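**Student:** Got a structure for you, questions after.
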Amino acid sequence: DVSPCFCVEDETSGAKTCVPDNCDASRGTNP
């Protein structure tokens, strides 16, 4: 479905994680 990605810099994961993960690295950021 149309699912906007969101990234947060998470200290718990130890890095920037996104949903979907690392959408902001690839071109799969926006649907």
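As shown in the structure tokens, the chain order sets the letters A, B, ...; within each chain, residues go from 1, and ligands are also counted from 1 in the order they appear.
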When DSSP works through the backbone of this structure, what residues of chain A end up as strand (DSSP E), shown as a PDB file with N, CA, C and O atoms, in the first residue's frame?

**Tutor:**
```pdb
ATOM      1  N   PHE A   6       9.400   6.712   7.375  1.00  0.00           N
ATOM      2  CA  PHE A   6       9.873   7.644   8.344  1.00  0.00           C
ATOM      3  C   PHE A   6      11.144   7.106   8.965  1.00  0.00           C
ATOM      4  O   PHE A   6      11.252   5.898   9.215  1.00  0.00           O
ATOM      5  N   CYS A   7      12.109   7.975   9.156  1.00  0.00           N
ATOM      6  CA  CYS A   7      13.368   7.610   9.762  1.00  0.00           C
ATOM      7  C   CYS A   7      13.563   8.370  11.050  1.00  0.00           C
ATOM      8  O   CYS A   7      13.129   9.527  11.179  1.00  0.00           O
ATOM      9  N   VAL A   8      14.193   7.722  11.992  1.00  0.00           N
ATOM     10  CA  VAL A   8      14.516   8.301  13.279  1.00  0.00           C
ATOM     11  C   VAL A   8      15.920   7.846  13.614  1.00  0.00           C
ATOM     12  O   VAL A   8      16.323   6.736  13.222  1.00  0.00           O
ATOM     13  N   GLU A   9      16.664   8.660  14.293  1.00  0.00           N
ATOM     14  CA  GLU A   9      17.981   8.275  14.692  1.00  0.00           C
ATOM     15  C   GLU A   9      17.838   7.667  16.059  1.00  0.00           C
ATOM     16  O   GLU A   9      17.608   8.366  17.055  1.00  0.00           O
ATOM     17  N   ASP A  10      17.934   6.374  16.108  1.00  0.00           N
ATOM     18  CA  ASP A  10      17.614   5.653  17.302  1.00  0.00           C
ATOM     19  C   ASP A  10      18.841   5.191  18.017  1.00  0.00           C
ATOM     20  O   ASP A  10      19.669   4.465  17.459  1.00  0.00           O
ATOM     21  N   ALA A  15      21.652   3.511  15.491  1.00  0.00           N
ATOM     22  CA  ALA A  15      21.771   4.213  14.236  1.00  0.00           C
ATOM     23  C   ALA A  15      20.412   4.669  13.767  1.00  0.00           C
ATOM     24  O   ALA A  15      19.393   4.420  14.435  1.00  0.00           O
ATOM     25  N   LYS A  16      20.398   5.354  12.653  1.00  0.00           N
ATOM     26  CA  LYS A  16      19.184   5.780  12.019  1.00  0.00           C
ATOM     27  C   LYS A  16      18.471   4.574  11.458  1.00  0.00           C
ATOM     28  O   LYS A  16      19.028   3.823  10.659  1.00  0.00           O
ATOM     29  N   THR A  17      17.283   4.379  11.877  1.00  0.00           N
ATOM     30  CA  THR A  17      16.505   3.311  11.390  1.00  0.00           C
ATOM     31  C   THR A  17      15.245   3.901  10.795  1.00  0.00           C
ATOM     32  O   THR A  17      14.823   5.014  11.181  1.00  0.00           O
ATOM     33  N   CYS A  18      14.692   3.237   9.840  1.00  0.00           N
ATOM     34  CA  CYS A  18      13.533   3.744   9.176  1.00  0.00           C
ATOM     35  C   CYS A  18      12.483   2.663   9.105  1.00  0.00           C
ATOM     36  O   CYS A  18      12.741   1.508   9.469  1.00  0.00           O
ATOM     37  N   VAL A  19      11.308   3.028   8.673  1.00  0.00           N
ATOM     38  CA  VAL A  19      10.243   2.089   8.404  1.00  0.00           C
ATOM     39  C   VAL A  19       9.599   2.498   7.072  1.00  0.00           C
ATOM     40  O   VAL A  19       8.887   3.519   7.033  1.00  0.00           O
TER      41      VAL A  19
END
```

**Student:** Would you list the contacts of residue 1 (chain A) as JSON, numbers by chain, taking every protein, DNA or RNA residue within 12 Å and counting only C-alpha atoms, but skipping same-chain residues closer than 3 positions in sequence?

**Tutor:** {"A": [4, 5, 30, 31]}

**Student:** Let me see the file: selected residues, C-alpha atoms, as a compact mmCIF listing (two decimals), in the first residue's frame.

**Tutor:**
```
# COMPACT_ATOMS: atom_id res chain seq x y z
CA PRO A 4 5.31 6.86 3.70
CA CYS A 5 8.67 6.10 5.19
CA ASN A 30 8.25 7.54 -0.98
CA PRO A 31 5.59 5.34 -2.64
```
